[PDB]
Amino acid sequence: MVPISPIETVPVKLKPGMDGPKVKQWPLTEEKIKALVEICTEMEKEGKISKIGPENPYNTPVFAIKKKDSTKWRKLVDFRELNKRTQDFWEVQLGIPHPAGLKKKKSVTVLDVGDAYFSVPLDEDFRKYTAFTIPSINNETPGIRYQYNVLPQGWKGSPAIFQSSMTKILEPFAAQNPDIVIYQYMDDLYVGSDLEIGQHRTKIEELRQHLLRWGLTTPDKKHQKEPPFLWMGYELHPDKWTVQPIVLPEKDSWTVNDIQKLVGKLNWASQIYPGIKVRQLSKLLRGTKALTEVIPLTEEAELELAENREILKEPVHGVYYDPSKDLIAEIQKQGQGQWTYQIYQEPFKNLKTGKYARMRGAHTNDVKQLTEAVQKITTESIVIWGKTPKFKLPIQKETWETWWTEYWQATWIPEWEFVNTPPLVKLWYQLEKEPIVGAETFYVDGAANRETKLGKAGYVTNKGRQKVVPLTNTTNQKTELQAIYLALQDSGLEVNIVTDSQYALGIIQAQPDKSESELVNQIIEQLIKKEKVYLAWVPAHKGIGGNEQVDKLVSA
Amino acid sequence: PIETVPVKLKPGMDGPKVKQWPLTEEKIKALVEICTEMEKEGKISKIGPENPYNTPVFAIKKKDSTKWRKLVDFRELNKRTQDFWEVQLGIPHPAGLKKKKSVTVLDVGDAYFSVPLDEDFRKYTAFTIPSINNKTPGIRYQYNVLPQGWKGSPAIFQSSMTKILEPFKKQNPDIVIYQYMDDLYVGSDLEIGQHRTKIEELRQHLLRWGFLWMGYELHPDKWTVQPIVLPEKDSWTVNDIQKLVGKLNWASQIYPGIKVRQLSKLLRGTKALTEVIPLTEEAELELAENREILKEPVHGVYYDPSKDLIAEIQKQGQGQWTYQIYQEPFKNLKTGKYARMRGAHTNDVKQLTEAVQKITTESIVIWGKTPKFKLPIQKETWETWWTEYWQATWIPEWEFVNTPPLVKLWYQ
Ligand SMILES: Cc1cc(/C=C/C#N)cc(C)c1Oc1nc(NC2CCN(Cc3ccc(S(N)(=O)=O)cc3)CC2)nc2ccsc12
Ligand SMILES: [Mg+2]
C-alpha cells in the first residue's frame with residue numbers, strides 16, 4: 001500500500017435559511033428497482049455512496065433510464081431541488097480561450113481524468129443532503145437509502161469543485177514545468193509543449209507520476225482523436241485554426257426561427273470569415289416572439305445573404321499567435337452602421353476577424369461609430385492577447401485631429417495610422433465659431449398648436465427676405481427644425497442662422513451625419529452643401545429683434 | 001491587535017459579485033508579483049470555490065512612481081458594508097482644513113496591514129488576478145488584514161491612528177490633520193518652508209509607531225465659487241449682445257433681479273449679426289446693475305451633509321476644463337477651472353481622469369466626501385481607458401452626459 005494524499009475537501013453550505021430537499025420518491029417498476037439495486041450495489045463497493053439509516057429526513061428522487069442500443073439501465077438522481085437550495089459557487093469555467101490567442105505547440109497529449117473525478121470527496125457535513133431512496137419490491141420492506149460520498153453528477157457544485165481540486169493538484173507541476181501547458185475541459189486534460197516527442201512523452205509520464213500522489217490513474221482518451229480537435233465549435237489544427245463547417249441552407253420559405261439560426265452561424269463565422277454582415281437579416285427580427293412565423297426576405301436581406309454565401313463559399317483559417325511580432329488591427333466601414341475588422345501580425349495572415357454594428361440611436365456619425373469599434377476591438381484584444389493592437393483606420397490624421405479638438409466630449413483612440421481604403425471616414429460639415437461677415441442673417445422660428453397639430457415655420461433676414469410655411473400634423477420641435485431647413489434652402493453658400501430652439505441646437509451641436517428623422521437628414525444634406533454656416537442661439541420671448549418678429553409670424 | 005472587530009454587511013444584502021475586467025499582460029504580471037509577496041506576508045490567502053464573491057482589481061503607478069501598485073475597486077463592497085460609528089457618533093469634518101495655506105497628503109495605507117480582519121468578513125474581500133485569454137483560471141485571494149480602499153479600514157483603525165498622532169498633535173495644536181480612507185491630510189498656515197519641515201517631522205513620528213515617503217501639496221486658499229463675469233467692450237455687435245442676453249438670462253436663474261429688457265431693446269429690428277450696435281444709457285445702466293448683482297454671492301447656498309455632492313465638468317478646449325460642484329441645480333457650492341493638464345496635451349481622457357482626481361481631492365478637503373461626477377464622455381470610451389491614468393487610492397462614482405449642455409458657453 002503506497003500512501004496517497006487526500007484531496008482537500010471544499011466546505012459546502014446550503015443557502016441561508018433553507019433546509020435540505022424532501023422530495024417524494026416515485027413508484028418504480030420491478031425491473032427498474034432490480035436495475036437500481038444492481039447499479040447502486042456497485043457504486044457502494046467503489047465508495048461513491050453509502051447506506052444510511054432512517055433518521056436522515058432528506059430525500060431526492062431517483063429514476064431508471066436506458067439507451068436504445070445500450071442494453072442496460074441508467075441510474076438518475078434528479079438533484080434539481082437540492083440545486084435550488086445549494087449555495088452559489090465560484091464557477092471558474094465560464095470562458096474558454098480563443099484560438100487566435102494560443103501559441104502553437106509542437107506536441108499535444110490528451111489524458112482522461114474521468115476516474116480522478118470520483119476521488120474528489122464531498123464535504124461530509126453536506127452528504128446528508130444528497131440522500132435518495134430505492135423503493136423496495138412490492139413496497140413490503142423499507143426502501144434502501146443511500147447518500148453520496150463523492151461529487152454527484154448533476155449537483156450544482158460538482159463542476160466547480162472538481163475543476164478547482166484538479167487545478168490545485170496540478171499547480172506545483174505546472175509551476176515547476178514552465179515548458180509545458182496544461183488545460184482541462186470536462187473529463188479531458190490537454191498537455192502541449194514544444195519539446196521533442198521524447199522529452200514530451202517524459203513530461204507526460206512525470207505528470208502521471210505526480211497525479212499518483214493523490215491516487216489518480218489517468219490513461220489516454222479512448223479512440224485518440226486525430227487533428228483537428230473538435231472543441232467548442234472550432235477546428236484546432238497543428239499550424240492553423242478555423243471554425244467548424246459553416247453551411248448556409250437553401251430555402252424559399254424563411255421563418256422567424258430560420259433567421260435566428262442563420263445569424264448565429266454568420267456571427268460564429270465572422271470571427272474568421274472577413275466581411276460578414278447581419279443587419280438586413282437581423283432587421284427581419286426587430287420585434288417578434290413566434291419562431292414559426294414566416295417573414296419574407298427583403299431584396300436587401302437577399303443581397304446580404306448572397307453576399308455572405310460568396311464569403312462562405314471557400315474555407316478560411318487564422319494563424320496562431322507569435323508574441324515576437326506586432327499586433328495590428330484594421331477596420332473598414334461597410335455601410336448602414338456596419339463595421340468589419342481584421343487582426344493580424346503579417347499581411348494576409350489574419351489571427352482573427354470580427355464585425356461591429358452601430359448602436360441604436362436617433363442620430364449618430366461615422367467618427368463616433370469608428371471610435372466605438374476601436375474601443376470594442378481594444379477590449380477584445382486585451383482579453384485575447386493581453387495587449388492593445390496598433391490600429392489601421394480609414395480616417396485621415398487631420399480629420400481625426402479636427403474632430404477631437406472641436407468635439408464637446410472627451411475622446412481618445414490609441415496608437416493608429418491612416419490606411420487609404422475607401423470609403424474613408426470624414427467630417428461632412430463644420431459650423432463656424434464666429435458670425436460670418438457679409439453673409440445674410442436668417443432669424444428662424446416655428447410653432448405648432450398642441451391640440452390641432454397645426455404649425456408654422458419660417459424666417460426673416462436682414463435683407464428683408466421672409467418666408468412662412470403652414471404645416472399640418474406637426475409639433476413645436478418639428479417646426480423648429482423645419483425653420484432651420486428653410487433657411488438653409490433659401491440662403492447662399494454662406495449663412496448666419498439665429499434660432500431660439502435649444503432642442504434644435506442640441507441636435508446639430510451633436511454633429512450627426514445621419515438620422516432616423518428624415519427632416520434632420522435633409523438638414524444634414526443642406527449643411528453639406530454650404531461653404532460656411534454659423535448657428536447662434538437666443539432665448540425665446542425676450543424681445544430679441546428678428547427673433548421677436550419671426551416668433552409672431554409663426555405663432556398664429 | 002489580536003482581537004478583530006465584528007464587521008457585518010447591511011441587512012438583506014449579500015457580498016459583492018463584481019466582474020473582473022480584462023487586464024494587460026504587464027499589469028497581470030505586476031499583480032502576480034505583488035500578491036505573491038502579500039501572500040508570503042500573510043496579508044492575503046488563496047480561497048476555494050465555496051467563495052462566490054468578487055471585487056475587481058487592477059494595477060497603477062502612484063504619482064511619479066515607477067513601481068507598480070495594486071488597487072482594489074471596493075466601491076461595491078463599501079456600499080454593502082454596514083454604516084460605521086466605530087468609536088463615536090461621527091467624525092466632525094474639520095472646517096479649518098480648507099482654510100489652511102498649505103495642505104499635504106500622506107499615504108498611510110500601509111498601516112492597515114498591521115490589523116487583522118474579522119475572520120467571518122474576510123470572504124467578502126475576494127478578488128481575482130485574471131489570466132490572459134482564459135488560458136488558466138484566475139488566481140483567487142481574500143484579505144486577512146484591513147484592506148486599502150475599504151470603508152471599514154479607517155473606521156476600525158481610527159482608535160489606533162488617533163493614539164499614534166496624539167503626541168504630534170499635542171506639540172502642534174495649530175496643525176490640522178484629517179484622514180480620508182488611506183490618506184492623511186496635513187495642513188498649516190505656515191510659510192511654505194516651515195510647513196514642509198513638520199511633514200517630515202510627522203512621518204518619522206509615524207515610522208517609529210510601526211511611511212511611504214510620498215506627498216502631495218495643496219493650497220485650498222484659492223477655492224471658492226468663481227464669479228460670473230460679463231464682457232467689457234467699447235463696441236458691441238448684434239452677435240455680442242445676443243450672447244450677452246443669453247448669458248444674463250441663464251444667470252437670472254441663479255441671481256434675482258437680473259434684467260435684459262434694455263439690452264434686448266438695442267436689438268430692435270432684423271439686423272446682420274456683425275453689425276455694431278451702440279449701447280444706450282439705459283442699457284449701460286442695466287448692464288452695470290447686472291454687473292453689480294453678479295459681484296455678490298448666490299443667495300441661500302448651504303451644504304447639506306445628507307445629500308450627495310454632484311460635480312459637472314466641461315471640456316473647453318486647449319487643455320482647459322471647467323467644473324461645478326453642487327447639490328441642487330443653480331446652487332453651486334464651488335466652481336473651478338483647469339488648464340494645461342500635466343503630461344496629456346494630446347489625450348482628452350487622461351486630462352479628464354486627472355481633472356476627476358483633482359476635483360475629488362478638493363471635495364474631500366472641503367466636505368470629507370466624494371462627489372458623483374457627470375462626465376462629458378461616452379461610457380465605452382471612459383470605461384476602456386480611465387484605469388490607465390488613475391493614481392488615487394479611492395474611486396468616486398460617475399455618470400455619462402450624452403447631450404451637449406448649452407451652458408458650456410456660459411462657463412467659458
Ligand atoms: C493544450 C490545449 C488543448 C486544447 C484542445 C481541446 C480539444 N479538443 C485546448 C486548449 C485551450 C489547450 O490549451 C492551450 N493550448 C495552447 N496552444 C494550442 C495547442 C494545440 N494547437 C493545436 C494542435 C497542435 C498540435 C497537435 S499534434 N501535432 O500533437 O497532433 C494537435 C493540435 C494550437 C495551439 N496554448 C496554451 C497555453 C496555455 S493553455 C494552452
Ligand atoms: Mg418662438
# chains A, B, ... in the order shown; residues from 1 in each chain; ligands from 1
>>> interface_residues(of="chain B", to="chain A", cutoff="7 Å", atoms="only C-alpha atoms", output="PyMOL selection string")
chain B and resi 22-25+49-52+132-135+137+242+246+264+267-274+315+317+347-349+376-377+380-381+384+403-404
>>> write_last_selection(atoms="N, CA and C atoms", output="mmCIF file, in the first residue's frame")
data_model
loop_
_atom_site.group_PDB
_atom_site.id
_atom_site.type_symbol
_atom_site.label_atom_id
_atom_site.label_comp_id
_atom_site.auth_asym_id
_atom_site.auth_seq_id
_atom_site.Cartn_x
_atom_site.Cartn_y
_atom_site.Cartn_z
ATOM 1 N N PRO B 22 -10.852 42.793 -18.027
ATOM 2 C CA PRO B 22 -9.594 42.278 -18.578
ATOM 3 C C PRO B 22 -8.434 43.228 -18.309
ATOM 4 N N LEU B 23 -7.250 42.642 -18.096
ATOM 5 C CA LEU B 23 -6.025 43.375 -17.795
ATOM 6 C C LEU B 23 -4.940 43.055 -18.818
ATOM 7 N N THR B 24 -4.101 44.042 -19.128
ATOM 8 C CA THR B 24 -2.946 43.758 -19.974
ATOM 9 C C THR B 24 -1.998 42.781 -19.280
ATOM 10 N N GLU B 25 -1.163 42.131 -20.088
ATOM 11 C CA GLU B 25 -0.206 41.168 -19.551
ATOM 12 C C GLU B 25 0.701 41.805 -18.505
ATOM 13 N N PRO B 49 -13.493 27.326 -4.142
ATOM 14 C CA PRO B 49 -14.708 27.576 -4.937
ATOM 15 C C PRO B 49 -15.952 27.848 -4.103
ATOM 16 N N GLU B 50 -15.939 27.549 -2.804
ATOM 17 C CA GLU B 50 -17.097 27.840 -1.967
ATOM 18 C C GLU B 50 -17.285 29.334 -1.728
ATOM 19 N N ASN B 51 -16.362 30.172 -2.196
ATOM 20 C CA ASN B 51 -16.485 31.616 -2.071
ATOM 21 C C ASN B 51 -16.859 32.194 -3.425
ATOM 22 N N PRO B 52 -18.085 32.686 -3.607
ATOM 23 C CA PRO B 52 -18.524 33.171 -4.920
ATOM 24 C C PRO B 52 -18.377 34.668 -5.130
ATOM 25 N N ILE B 132 -4.804 35.638 -18.988
ATOM 26 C CA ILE B 132 -4.977 36.104 -20.355
ATOM 27 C C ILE B 132 -5.744 35.044 -21.133
ATOM 28 N N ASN B 133 -6.727 35.484 -21.925
ATOM 29 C CA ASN B 133 -7.422 34.611 -22.871
ATOM 30 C C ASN B 133 -7.988 33.377 -22.172
ATOM 31 N N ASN B 134 -8.283 33.503 -20.877
ATOM 32 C CA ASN B 134 -8.853 32.399 -20.106
ATOM 33 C C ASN B 134 -7.975 31.151 -20.148
ATOM 34 N N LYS B 135 -6.660 31.309 -20.348
ATOM 35 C CA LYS B 135 -5.811 30.129 -20.501
ATOM 36 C C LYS B 135 -5.675 29.355 -19.197
ATOM 37 N N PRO B 137 -7.414 29.354 -14.908
ATOM 38 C CA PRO B 137 -8.366 30.015 -14.015
ATOM 39 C C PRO B 137 -7.670 31.153 -13.286
ATOM 40 N N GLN B 242 -26.533 89.442 -28.378
ATOM 41 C CA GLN B 242 -27.304 88.205 -28.256
ATOM 42 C C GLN B 242 -26.641 87.241 -27.277
ATOM 43 N N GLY B 246 -28.240 86.082 -23.679
ATOM 44 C CA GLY B 246 -28.355 84.672 -23.342
ATOM 45 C C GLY B 246 -27.668 84.321 -22.032
ATOM 46 N N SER B 264 -32.084 93.991 -24.675
ATOM 47 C CA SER B 264 -32.869 93.499 -25.803
ATOM 48 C C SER B 264 -33.385 94.643 -26.669
ATOM 49 N N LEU B 267 -31.646 95.527 -29.799
ATOM 50 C CA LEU B 267 -31.800 94.637 -30.937
ATOM 51 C C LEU B 267 -33.116 94.860 -31.688
ATOM 52 N N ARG B 268 -33.693 96.060 -31.608
ATOM 53 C CA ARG B 268 -34.956 96.338 -32.290
ATOM 54 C C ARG B 268 -34.789 96.267 -33.807
ATOM 55 N N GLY B 269 -35.370 95.239 -34.434
ATOM 56 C CA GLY B 269 -35.296 95.067 -35.867
ATOM 57 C C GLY B 269 -34.776 93.691 -36.227
ATOM 58 N N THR B 270 -34.218 93.591 -37.442
ATOM 59 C CA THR B 270 -33.722 92.340 -38.028
ATOM 60 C C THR B 270 -32.345 92.651 -38.608
ATOM 61 N N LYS B 271 -31.337 92.667 -37.754
ATOM 62 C CA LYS B 271 -30.048 93.207 -38.142
ATOM 63 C C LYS B 271 -29.054 92.092 -38.437
ATOM 64 N N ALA B 272 -28.100 92.395 -39.314
ATOM 65 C CA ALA B 272 -26.982 91.493 -39.558
ATOM 66 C C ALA B 272 -26.202 91.249 -38.269
ATOM 67 N N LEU B 273 -25.767 89.998 -38.073
ATOM 68 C CA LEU B 273 -25.112 89.608 -36.826
ATOM 69 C C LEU B 273 -23.847 90.411 -36.551
ATOM 70 N N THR B 274 -23.130 90.823 -37.597
ATOM 71 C CA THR B 274 -21.857 91.516 -37.450
ATOM 72 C C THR B 274 -22.012 93.029 -37.362
ATOM 73 N N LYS B 315 -15.451 70.167 -21.148
ATOM 74 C CA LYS B 315 -14.266 70.335 -21.976
ATOM 75 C C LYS B 315 -14.344 71.687 -22.672
ATOM 76 N N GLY B 317 -11.584 72.956 -24.413
ATOM 77 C CA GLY B 317 -10.581 73.005 -25.456
ATOM 78 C C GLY B 317 -9.241 73.526 -24.966
ATOM 79 N N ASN B 347 -4.215 63.922 -25.129
ATOM 80 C CA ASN B 347 -5.097 62.846 -24.677
ATOM 81 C C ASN B 347 -6.182 63.424 -23.768
ATOM 82 N N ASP B 348 -7.368 63.628 -24.363
ATOM 83 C CA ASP B 348 -8.577 64.068 -23.661
ATOM 84 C C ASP B 348 -8.874 63.238 -22.424
ATOM 85 N N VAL B 349 -8.783 61.915 -22.560
ATOM 86 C CA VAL B 349 -9.254 61.042 -21.492
ATOM 87 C C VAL B 349 -8.314 61.105 -20.296
ATOM 88 N N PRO B 376 -18.385 64.345 -19.415
ATOM 89 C CA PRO B 376 -18.685 64.610 -20.829
ATOM 90 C C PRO B 376 -17.881 63.657 -21.708
ATOM 91 N N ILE B 377 -18.346 62.413 -21.756
ATOM 92 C CA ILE B 377 -17.639 61.342 -22.450
ATOM 93 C C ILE B 377 -18.610 60.188 -22.610
ATOM 94 N N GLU B 380 -18.398 53.912 -23.089
ATOM 95 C CA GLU B 380 -17.477 52.879 -23.546
ATOM 96 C C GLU B 380 -16.050 53.405 -23.684
ATOM 97 N N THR B 381 -15.887 54.682 -24.045
ATOM 98 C CA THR B 381 -14.553 55.273 -24.097
ATOM 99 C C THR B 381 -13.976 55.453 -22.694
ATOM 100 N N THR B 384 -13.112 51.998 -21.074
ATOM 101 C CA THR B 384 -11.943 51.347 -21.645
ATOM 102 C C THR B 384 -10.641 51.940 -21.107
ATOM 103 N N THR B 403 -25.738 64.488 -24.159
ATOM 104 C CA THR B 403 -26.295 65.630 -24.868
ATOM 105 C C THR B 403 -25.514 66.881 -24.496
ATOM 106 N N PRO B 404 -24.978 67.628 -25.462
ATOM 107 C CA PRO B 404 -24.124 68.765 -25.124
ATOM 108 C C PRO B 404 -24.900 69.797 -24.327
#
>>> residues_near_ligand(ligand="ligand 2", cutoff="8 Å", atoms="only C-alpha atoms and all ligand atoms", output="PyMOL selection string")
chain A and resi 445-447+500-501+540-541+547-548+550-552+554-555
>>> atom_distance(atom1="atom CA of residue 76 of chain B", atom2="atom CA of residue 18 of chain A")
26.1 Å
>>> residues_near_ligand(ligand="ligand 1", cutoff="7 Å", atoms="only C-alpha atoms and all ligand atoms", output="list in words")
residues 97, 99, 102, 103, 104, 105, 106, 107, 108, 109, 181, 182, 183, 190, 191, 192, 226, 227, 228, 229, 230, 231, 236, 237, 238, 239 and 320 of chain A; 135 and 136 of chain B
>>> write_last_selection(atoms="C-alpha atoms", output="PDB file, in the first residue's frame")
ATOM      1  CA  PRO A  97      -9.535  30.554 -24.694  1.00  0.00           C
ATOM      2  CA  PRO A  99      -7.679  30.026 -30.622  1.00  0.00           C
ATOM      3  CA  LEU A 102      -2.964  30.473 -28.411  1.00  0.00           C
ATOM      4  CA  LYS A 103       0.625  29.858 -29.415  1.00  0.00           C
ATOM      5  CA  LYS A 104       1.164  26.725 -31.433  1.00  0.00           C
ATOM      6  CA  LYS A 105       2.612  23.687 -29.674  1.00  0.00           C
ATOM      7  CA  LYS A 106       4.691  21.033 -31.418  1.00  0.00           C
ATOM      8  CA  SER A 107       3.126  18.166 -29.418  1.00  0.00           C
ATOM      9  CA  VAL A 108      -0.189  17.757 -27.585  1.00  0.00           C
ATOM     10  CA  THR A 109      -1.313  14.795 -25.481  1.00  0.00           C
ATOM     11  CA  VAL A 181       0.984  23.968 -20.957  1.00  0.00           C
ATOM     12  CA  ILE A 182      -1.896  22.176 -19.237  1.00  0.00           C
ATOM     13  CA  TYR A 183      -5.597  22.771 -19.929  1.00  0.00           C
ATOM     14  CA  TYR A 190      -4.745  18.564 -22.587  1.00  0.00           C
ATOM     15  CA  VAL A 191      -0.953  18.807 -22.312  1.00  0.00           C
ATOM     16  CA  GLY A 192       1.082  20.526 -25.010  1.00  0.00           C
ATOM     17  CA  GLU A 226      -6.661  12.886 -34.736  1.00  0.00           C
ATOM     18  CA  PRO A 227      -6.405  16.564 -35.691  1.00  0.00           C
ATOM     19  CA  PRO A 228      -8.198  18.787 -35.819  1.00  0.00           C
ATOM     20  CA  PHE A 229      -9.607  18.887 -32.300  1.00  0.00           C
ATOM     21  CA  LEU A 230     -13.380  19.401 -32.461  1.00  0.00           C
ATOM     22  CA  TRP A 231     -13.632  21.711 -29.464  1.00  0.00           C
ATOM     23  CA  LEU A 236      -7.755  23.281 -33.912  1.00  0.00           C
ATOM     24  CA  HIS A 237      -5.100  22.169 -36.385  1.00  0.00           C
ATOM     25  CA  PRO A 238      -1.378  21.923 -35.569  1.00  0.00           C
ATOM     26  CA  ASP A 239      -0.479  25.074 -37.550  1.00  0.00           C
ATOM     27  CA  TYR A 320      -1.812  31.228 -34.103  1.00  0.00           C
TER      28      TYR A 320
ATOM     29  CA  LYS B 135      -5.811  30.129 -20.501  1.00  0.00           C
ATOM     30  CA  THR B 136      -5.834  29.369 -16.767  1.00  0.00           C
TER      31      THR B 136
END
>>> residues_around(residues="residue 41 of chain B", least_positions_apart="3", cutoff="12 Å", atoms="only C-alpha atoms", output="list in words")
residues 34, 35, 36, 37, 38, 44, 45, 113, 114, 143, 144 and 145 of chain B
>>> select_by_dssp(residues="segment 178-292 of chain B", states="helix (DSSP H, G or I)", output="ChimeraX atom specification")
/B:192-207,220-222,238-251,261-266,281-292
>>> atom_distance(atom1="atom CA of residue 221 of chain A", atom2="atom CA of residue 148 of chain A")
26.8 Å
>>> residues_around(residues="segment 426-431 of chain A", least_positions_apart="5", cutoff="7 Å", atoms="only C-alpha atoms", output="JSON, numbers by chain")
{"A": [395, 399, 513, 527, 528, 532, 533, 534]}
>>> residues_around(residues="residue 249 of chain B", least_positions_apart="5", cutoff="10 Å", atoms="only C-alpha atoms", output="JSON, numbers by chain")
{"A": [538, 539, 542], "B": [243, 244, 254, 255, 258, 259, 260]}
>>> write_last_selection(atoms="C-alpha atoms", output="PDB file, in the first residue's frame")
ATOM      1  CA  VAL A 538     -31.052  83.165 -28.285  1.00  0.00           C
ATOM      2  CA  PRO A 539     -33.617  82.712 -25.530  1.00  0.00           C
ATOM      3  CA  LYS A 542     -37.115  88.111 -24.611  1.00  0.00           C
TER       4      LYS A 542
ATOM      5  CA  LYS B 243     -24.611  86.223 -26.422  1.00  0.00           C
ATOM      6  CA  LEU B 244     -24.786  88.657 -23.500  1.00  0.00           C
ATOM      7  CA  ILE B 254     -29.138  81.935 -10.211  1.00  0.00           C
ATOM      8  CA  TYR B 255     -29.356  85.625  -9.287  1.00  0.00           C
ATOM      9  CA  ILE B 258     -31.092  90.299 -13.453  1.00  0.00           C
ATOM     10  CA  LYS B 259     -32.724  92.318 -16.245  1.00  0.00           C
ATOM     11  CA  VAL B 260     -32.237  92.180 -20.016  1.00  0.00           C
TER      12      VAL B 260
END
